[PDB]
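In structure tokens, the next block holds one chain alone, the form deposited in one PDB entry.
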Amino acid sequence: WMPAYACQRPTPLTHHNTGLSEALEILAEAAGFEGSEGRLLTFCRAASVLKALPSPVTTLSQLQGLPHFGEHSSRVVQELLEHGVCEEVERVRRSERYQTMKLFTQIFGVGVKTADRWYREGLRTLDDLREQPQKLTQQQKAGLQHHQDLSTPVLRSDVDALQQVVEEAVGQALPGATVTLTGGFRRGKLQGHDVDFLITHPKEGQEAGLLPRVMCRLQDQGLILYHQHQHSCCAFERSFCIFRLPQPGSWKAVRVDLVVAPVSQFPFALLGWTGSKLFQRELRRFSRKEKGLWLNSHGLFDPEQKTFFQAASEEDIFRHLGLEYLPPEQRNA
């Protein structure tokens, strides 16, 4: 038996059902491209169940008793087991709609709504986008300029080099300020699409004005290709960057998100930013539906009492929600 919420079970980085989960995730992604959010979530949940299993699914009889495995997902696994291929998945892969939506949405600064609009307006290729620069934001222009590098998986070796320069800039700007690697790399991933860093200082308020100083230092070192700074609006101060990472004999553009949180909110920010995306969605749904609390990256709010939970760590937050603690490497839902 396996619990229904992804936040109630460990999901390790590596598992026994990668073929099956990949197929389901292609269908989830395609659903998202069509605005079918219910179907996306359904396929994502089924895939995440497969990732939690201790053994490969070799026969359809092994699906018995598993949550989030309705008819459609079961059929997909069945076809794969029996024929080595699922016709629906193959049709999606070969479809111009899917291929174009994948192409566009992968670009830095492009979401589903933008990609769909462009598709509807007859754009198909990266060259098509470059021929219509008036349709692009400055962020999207930068994404197109560096698209080859940005499509190349970011490696742990890149992360370690980037963490060094970010730590050096932070330390020189403000002694005592800290840099914490978050995102997929905190969960143990060997690769990723970017590097996510969370910045704070143990004295609340000492982090004010830190990020612009950090960016000035990095820019002066030639390490920044693109930088968009945004102050907290609603809602953390952040900088969406493309770094120029030096390599032996060359260099590589790499997406980096730098996020500043006040130390009082750090545990919530670390939890939120560590993911996985599905793990956090499930954690938020659990908090709301089972405990009547609203969890986000800033806090944990009781809407009846109008109170916020004071957490010193991620462990505190899990405990407060009545969940066994899962370290980041078991959040790979």
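Between two forms, the rigid core is defined as the largest C-alpha subset superposing within 1.5 Å. Don't overthink the numbering: it's just position in the shown sequence, from 1.
One more form of this protein exists, namely the form deposited in another entry; it is left out here, but the text below deals with it.
Just a single entry of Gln145, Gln221, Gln99, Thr105 exceeds or equals a 2 Å CA shift between the shown form and the other one, which is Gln221 (rigid core superposed).
Core-superposed comparison between the shown form and the other one: CA of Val179 displaced by less than 2 Å.
Put the two forms on the same core and the Cα of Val77 is off by less than 2 Å between the shown form and the other one. Core-superposed comparison between the shown form and the other one: the CA of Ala208 exceeds or equals a 2 Å shift.
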